Amino acid sequence: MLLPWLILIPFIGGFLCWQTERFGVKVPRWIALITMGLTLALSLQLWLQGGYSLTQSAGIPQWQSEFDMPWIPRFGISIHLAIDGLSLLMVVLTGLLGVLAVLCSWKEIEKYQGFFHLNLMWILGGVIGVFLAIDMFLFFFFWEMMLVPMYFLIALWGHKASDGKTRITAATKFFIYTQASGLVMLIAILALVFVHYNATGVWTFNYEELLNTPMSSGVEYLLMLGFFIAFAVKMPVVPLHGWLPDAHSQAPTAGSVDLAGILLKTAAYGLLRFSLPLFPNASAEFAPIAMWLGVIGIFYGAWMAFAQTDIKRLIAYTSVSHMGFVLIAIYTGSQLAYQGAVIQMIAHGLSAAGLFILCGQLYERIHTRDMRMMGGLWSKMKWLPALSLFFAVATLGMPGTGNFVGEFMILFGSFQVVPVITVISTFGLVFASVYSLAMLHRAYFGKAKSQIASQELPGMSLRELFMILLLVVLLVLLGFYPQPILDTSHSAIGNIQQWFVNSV
Amino acid sequence: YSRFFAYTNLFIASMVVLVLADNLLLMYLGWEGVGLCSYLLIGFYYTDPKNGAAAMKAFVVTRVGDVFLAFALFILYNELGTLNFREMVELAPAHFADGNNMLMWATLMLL
Amino acid sequence: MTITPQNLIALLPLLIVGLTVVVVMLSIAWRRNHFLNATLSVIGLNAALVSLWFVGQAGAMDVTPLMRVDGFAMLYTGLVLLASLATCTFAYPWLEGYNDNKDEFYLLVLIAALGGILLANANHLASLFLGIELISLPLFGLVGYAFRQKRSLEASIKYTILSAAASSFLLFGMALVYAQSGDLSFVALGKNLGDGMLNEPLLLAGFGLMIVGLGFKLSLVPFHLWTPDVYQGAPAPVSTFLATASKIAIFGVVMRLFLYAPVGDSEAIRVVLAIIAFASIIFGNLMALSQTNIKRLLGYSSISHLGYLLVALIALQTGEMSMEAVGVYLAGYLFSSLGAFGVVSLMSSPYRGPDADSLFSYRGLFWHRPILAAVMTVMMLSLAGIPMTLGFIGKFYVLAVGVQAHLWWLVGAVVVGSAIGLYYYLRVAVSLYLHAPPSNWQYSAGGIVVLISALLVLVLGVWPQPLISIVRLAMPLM
Amino acid sequence: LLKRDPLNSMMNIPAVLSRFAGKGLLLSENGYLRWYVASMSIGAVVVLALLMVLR
Ligand SMILES: CCCCCCCCCCCCCCCCCC(=O)OC[C@H](COP(=O)(O)OCCN)OC(=O)CCCCCCCCCCCCCCCCC
Ligand SMILES: CCCCCCCCCCCCCCCCCC(=O)OC[C@H](COP(=O)(O)OCCN)OC(=O)CCCCCCCCCCCCCCCCC
Ligand SMILES: CCCCCCCCCCCCCCCCCC(=O)OC[C@H](COP(=O)(O)OCCN)OC(=O)CCCCCCCCCCCCCCCCC
Ligand SMILES: CCCCCCCCCCCCCCCCCC(=O)OC[C@H](COP(=O)(O)OCCN)OC(=O)CCCCCCCCCCCCCCCCC
Ligand SMILES: CCCCCCCCCCCCCCCCCCCC
Ligand SMILES: CCCCCCCCCCCCCCCCCCCC
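Residue numbers (my numbering), protein chains in the order written: chain A, 1 to 504; chain B, 1 to 111; chain C, 1 to 478; chain D, 1 to 55.
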């Protein structure tokens with residue numbers, strides 16, 4: 001019931017930020033803040049009223065809330081939303097990151113701020129719709145709908161220091177990758193729908209009805225291959241990964257647009273929700289390839305991030321390595337590894353949000369991003385280097401932050417399933433510590449090798465410090481007490497794991 | 001001055017967590033906090049890059065050691081199903097009555 | 001077969017547009033008035049569009065040994081009439097700057113619309129040929145309407161020579177087909193063959209020659225080289241009409257011919273058409289990568305979109321929604337090309353002499369023309385298959401049709417061509433918003449037309465059910 | 001050895017192939033009407049030969 005409002009409130013809010021620019025340039029930021037606060041409040045109200053902690057696993061489908069409306073009755077297409085523990089967790093994370101993104105661009109008084117805010121809210125609404133839709137056409141619709149505002153934000157409101165041609169090139173590369181992968185996913189969806197139509201005679205796109213689809217061996221492999229191409233481009237999984245550092249480099253200066261659409265794990269959610277229950281045997285056979293791809297992605301992202309002279313590209317390849325960890329977790333078939341994957345995804349979103357916000361604030365202070373131009377910044381900034389030290393400590397898998405709980409439950413489940421990939425991924429954790437230390441010592445420690453890093457810099461504002469400390473508090477509380485997050489998503493993970501291991 | 005005293009206080013707290021924990025995961029929390037405080041205190045004079053390189057080498061070698069400790073933790077949880085020390089010394093000889101290879105590997109990575 | 005009053009009321013748009021042609025000619029002969037002649041033309045086209053409702057009341061039947069009226073004819077007649085009305089609306093501000101006579105433009109547009117309606121109603125080889133030439137010759141006039149300009153004269157010469165050659169090819173193909181069969185009806189092209197000898201060599205060669213002619217007329221590879229030059233040289237309302245109405249009418253009559261002829265089931269023709277569609281998609285997408293001219297880029301876009309249409313055409317004998325997919329795609333492509341070429345025409349209007357260039361300069365269009373830039377980027381996203389657009393709904397229909405018939409090579413071609421089209425369409429849509437250094441209600445009418453087209457594309461991309469129901473309601477005769 | 005992202009270049013290779021193929025295919029659009037008629041006759045020969053072979 002509240003899910004259509006959960007999707008439409010960002011869209012109506014973005015339309016309001018566009019329309020209320022005539023009353024002032026400082027108005028659409030307040031409107032966007034109000035509507036993301038309303039979205040987050042609705043998500044938290046769904047969390048409180050759901051009773052997710054006391055919910056027990058009953059098998060797919062099992063939704064805490066469900067909405068149906070016919071959209072295209074010729075193909076049996078419905079605007080069909082459904083929320084359970086995992087989807088609610090991702091919706092809450094999306095709302096929190098949207099509030100952080102709206103706050104992160106609070107000092108932009110540009111003449112066209114209203115369209116920027118509409119663009120951001122439409123990205124957030126598309127991400128929420130991806131997390132909520134259980135109709136194949138609607139899920140694909142939101143999946144490709146959240147990319148046009150992404151493209152326009154990167155291309156027009158991107159990094160002003162870089163040339164326009166590089167911004168358009170990076171945005172076009174990102175759009176081409178994501179939309180071609182979405183098209184392949186659509187072809188897999190259509191072939192699955194047609195297989196179900198020949199087997200049954202009923203036109204439908206519903207996830208619940210397409211679950212019991214009798215398919216031969218080889219067709220199911222192709223369908224899961226298309227789904228995995230989409231969910232591996234947007235994860236990212238190597239070699240389908242260059243769009244992520246190219247778009248992070250040319251992202252807008254404040255870093256809000258990084259948090260809005262690039263930083264939310266829609267692809268791994270789709271792997272958990274759509275790839276494994278619909279195609280269990282084919283995913284079971286593709287598990288070694290995906291797990292070795294995750295190992296190669298971890299080490300490729302580590303060696304990439306160590307060799308990066310750009311901070312934003314370093315955080316992008318950190319995201320690549322941690323998403324490789326999640327990809328290893330997803331194809332294990334273990335409840336403990338799945339719960340660790342959920343915790344790791346939430347904690348990695350929080351840590352990368354803190355890292356990108358601190359990098360944006362640092363670029364506001366110093367107007368450069370090259371590691372050969374900073375050094376010894378601890379003595380010049382009041383708050384930024386210690387908070388960045390905390391967040392780089394979080395991204396190396398340090399206990400006390402939720403990332404450690406994430407990768408360690410992932411590796412416990414993986415060692416229960418596959419030990420060699422577990423031990424190689426732990427060496428990947430060593431590599432993660434290596435590049436985090438390299439970034440810390442190239443950025444804030446040492447002696448200054450530039451003139452702009454030889455002067456005293458102004459301290460951070462109250463709102464940026466407040467939101468970064470909020471991220472710090474959330475990461476620490478997730479590291480020390482991850483139990484409410486674990487009990488929130490216990491039923492959905494249980495249903496997915498039981499459906500995966502009971503149909504092989 | 002305050003940075004030094006905060007780092008040493010966190011070192012003391014993490015070592016107390018290490019020596020007071022009843023399970024291997026909480027002791028790993030204290031273990032890695034001790035390693036982090038060692039890194040933050042070795043490179044205290046951050047202006048000299050040699051101190052930073054020393055802190056790098058210290059944290060990388062200790063992180064390799066902590067990865068071996070994690071190997072032992074994974075093996076022990078996969079075998080006995082628990083991470084409590086008393087539960088190890090209770091239901092280890094019953095489980096390892098037939099085979100002792102996995103316990104040998106667990107003790108090797110503990111070493 | 002004679003003509004009944006029911007056959008006459010089923011002939012309403014043809015008779016109405018012909019009477020409009022006669023009335024417009026008599027008005028020109030009385031006194032040359034641009035406004036009055038354009039008003040008479042648009043009133044006649046609107047009268048045909050609203051007499052389509054009376055035709056729908058009259059039912060579906062066969063009106064001639066040549067023509068057949070059903071929902072197929074309704075839908076394609078409506079699309080052709082809408083394209084012609086938009087062409088006149090865009091043509092008036094362009095013709096306001098014309099020093100020479102302006103009233104012949106609407107006469108040619110009306111005659112070409114008559115040819116399009118005949119092609120929509122065509123159930124005969126004679127009617128198909130006559131509709132093709134009745135579309136072609138007014139397009140010969142309209143492409144070289146500004147014959148003083150070198151580009152328009154060159155495009156007129158190229159189009160006239162190549163279309164005469166393709167008409168000769170098509171007529172020789174019909175001659176071979178008629179020599180094989182003995183009847184010129186669409187349903188009888190292959191009824192004299194049975195027990196597995198449908199692949200008669202003379203019938204196959206004749207159908208291949210008409211395939212050559214129609215592939216010229218539909219900008220299909222390798223008869224596609226005329227498309228960017230003729231699109232660029234011709235006036236922008238002429239480019240609008242040639243992109244929408246001619247392609248729609250010729251593809252509708254090709255749909256009806258391949259549906260009704262028993263030889264359309266033959267595998268050799270289907271494989272040849274699959275190769276043609278594959279090459280058309282790949283070539284029309286690859287050749288628009290580095291185009292700084294909007295007209296040539298839209299010509300290669302037309303080539304690729306007709307390749308997608310042919311991909312939907314191949315599965316006509318296997319699937320059940322293939323002609324429904326073609327109808328939905330053609331409606332979306334009509335609205336997309338109408339919006340794009342209308343923005344091009346409104347920037348190119350009035351005609352600023354033949355010696356001056358008609359350069360578009362789309363860079364930074366938002367900073368003086370925000371509504372037209374918004375319409376142009378909406379139609380650019382619509383042509384790419386990007387969602388919440390009608391072009392995406394058509395692309396989804398084409399993909400489902402290709403998935404049903406196991407035509408996976410064509411589906412991979414659609415995916416690759418969609419990626420390349422994404423590149424150049426997004427390049428144009430983002431070049432609209434970079435930085436670079438009217439006054440009458442006809443221009444406002446053209447802007448209203450392109451704005452309504454953009455809003456229709458957005459609404460029917462978000463909510464495509466009414467268009468799907470309308471296209472499914474346009475059920476031809478089995 | 002890996003600072004230049006070799007897998008990114010490996011996956012960017014099809015973009016270079018597409019650009020080269022488009023540049024090669026644009027040479028047929030030379031603007032000569034006699035070449036257009038010759039290409040139309042070439043396509044007629046190809047279509048008729050394909051129909052005769054596959055019959
Ligand atoms: C797991 C593998 C199998 C499944 C694959 C599924 C498909 C999705 C994932 C792969 C996508 C690969 C996309 C590669 C190109 C990315 C776009 C790009 O880089 O565009 C920028 C580039 C222009 O930039 P610049 O370098 O400045 O050009 C100089 C010219 N002025 O633009 C250009 O140079 C021209 C761009 C043209 C359009 C893009 C290329 C389309 C090619 C076909 C895509 C379909 C997939 C085919 C197989 C891919 C390889 C396996
Ligand atoms: C312009 C030039 C540049 C741009 C264009 C570049 C090329 C674009 C086109 C690329 C794709 C080519 C075609 C790929 C699909 C091939 C399908 C195939 O071979 O199917 C055969 C068989 C079908 O199954 P069958 O046995 O008939 O089932 C019935 C009874 N079992 O299939 C099977 O039995 C299953 C076969 C599975 C393996 C084949 C598919 C490989 C996919 C490769 C990409 C993904 C690899 C994994 C992920 C990588 C990291 C993301
Ligand atoms: C012998 C039996 C037991 C073996 C156990 C496993 C191996 C243990 C290895 C222990 C020794 C590690 C030494 C690490 C030193 C790190 C400090 C260092 O050298 O720093 C220099 C450099 C500084 O970085 P930068 O930011 O560029 O500096 C700014 C300017 N000064 O920083 C660098 O150059 C970065 C150095 C990174 C080192 C990464 C090490 C990874 C170890 C992986 C172990 C894998 C084991 C299995 C291998 C396969 C076996 C089949
Ligand atoms: C570059 C991107 C685009 C790439 C090209 C486009 C996709 C190419 C897909 C190639 C598929 C090859 C299939 C080969 C065998 C075909 C014949 C066959 O076995 O048909 C079986 C079946 C029809 O017989 P039926 O009675 O329905 O039997 C039910 C069996 N389950 O058949 C059916 O019911 C339908 C079978 C459909 C199979 C899935 C097709 C789409 C799969 C997703 C995309 C391709 C794989 C992922 C990407 C790879 C790299 C690009
Ligand atoms: C999806 C966003 C997650 C943000 C991080 C949340 C981490 C969990 C924090 C839970 C609260 C911990 C402190 C209070 C415990 C109260 C326990 C009451 C019942 C015994
Ligand atoms: C996804 C389908 C299409 C949705 C609408 C896309 C946008 C259409 C045009 C709306 C107006 C755009 C205005 C952009 C202003 C940019 C100003 C930049 C200043 C630096």
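Heads up, the beta-carbon is just placed ideally off N, CA and C, and yes, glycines get one too.
query, result
"Proximity test, Cβ basis, 8 Å: D:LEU17 and chain A", "no"
"Any C-beta of chain C under 8 Å from that of A:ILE410", "no"
"A:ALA82 in three-state terms, based on DSSP", "strand"
"Within chain D, partners of C:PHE216 - CB distance below 8 Å", "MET40"
"Contact list for A:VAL238 against chain D, beta-carbon separation under 7 Å", "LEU7"
"Local conformation of C:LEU40 per DSSP, three classes", "helix"
"Per-residue DSSP class, three states only, for C:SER27", "helix"
"Neighbouring residues (CB closer than 6 Å to any heavy atom of ligand 3)", "A:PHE427, A:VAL430, A:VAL434, A:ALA438, A:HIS441, A:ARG442, B:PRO49, B:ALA53, B:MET56, B:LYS57, B:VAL60, B:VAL61 and B:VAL64"
"Cα-Cα separation between C:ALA166 and A:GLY114, rounded to whole angstroms", "54 Å"
"Residue from C:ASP229, C:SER431, C:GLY233 and C:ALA356 with nearest C-alpha to D:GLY31", "C:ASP229"
"Chain-ordered residues of the region 151-184 of chain C with a beta carbon less than 9 Å from chain D", "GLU154, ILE157, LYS158, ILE161, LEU162, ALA165, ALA166 and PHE169"
"First through last residue of the beta strand (DSSP E) which encompasses A:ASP68", "65-72"
"Between the CA atoms of A:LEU138 and A:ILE77 - distance to the nearest angstrom", "8 Å"
"Spatial neighbours of C:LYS395 in its chain, beta-carbon cut-off 6 Å, leaving aside the 5 residues before and after", "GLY385"
"Check: C:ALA48 C-beta below 7 Å from any heavy atom of ligand 6", "no"
"D:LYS23: contacting residues in chain A (beta-carbon distance under 7 Å)", "Correct list: empty, because the minimum Cβ distance to chain A is about 18 Å."
"Local conformation of A:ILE12 per DSSP, three classes", "helix"
"A:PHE286 and A:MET224 closer than 8 Å at C-beta", "yes"
"Best match in A:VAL393, A:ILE366, A:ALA302 and A:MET381 for proximity to A:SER450 [C-alpha to C-alpha]", "A:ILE366"
"Cβ separation of B:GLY33 and B:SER14, assumed to be a contact under 8 Å, to the nearest whole Å", "3 Å"
"Local Cβ density within 10 Å of C:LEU359, reported as buried at 16 or more and exposed below that", "exposed"
"Inter-residue spacing [alpha-carbon to alpha-carbon] between A:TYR317 and A:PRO399", "22 Å"
"Exposed unless 16 or more other CB atoms sit within 10 angstroms - verdict on C:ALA48", "buried"
"Cα-Cα separation, B:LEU41 to A:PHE408", "26 Å"
"Distance cut-off 7 Å: A:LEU314 Cβ against heavy atoms of ligand 1", "no"
"Chain A contact residues for B:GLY81, given Cβ-Cβ distances below 9 Å", "What B:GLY81 touches in chain A: nothing, since even the nearest Cβ is about 10 Å away."
"9 Å Cβ cut-off: residues of chain A touching C:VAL450", "Those do not exist, as C:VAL450 stays about 20 Å from chain A at its closest Cβ, beyond 9 Å."
"Closer than 8 Å to chain A by CB, B:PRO49", "yes"
"Reference C:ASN293, options C:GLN232, C:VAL17 and C:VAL212, closest by Cα", "C:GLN232"
"Cβ-Cβ separation, A:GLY406 to A:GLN344 (assumed contact under 8 Å), whole Å", "3 Å"
"C:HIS406 Cβ short of 7 Å to ligand 4 heavy atom set", "yes"
"Proximity test, A:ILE229 beta-carbon vs ligand 7 heavy atom, cut-off 7 Å", "Annotation note on ligand 7: not contained in the displayed structure, which lists ligand 1, ligand 2, ligand 3, ligand 4, ligand 5 and ligand 6 as its ligands."
"CB contact check: D:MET52 to chain C, cutoff 8 Å", "yes"
"C-beta atoms of C:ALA268 and C:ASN199 nearer than 8 Å", "yes"
"CB contact flag (C:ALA325, C:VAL398, <8 Å)", "yes"
"A:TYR221 beta carbon near ligand 2 (any heavy atom closer than 7 Å)", "yes"
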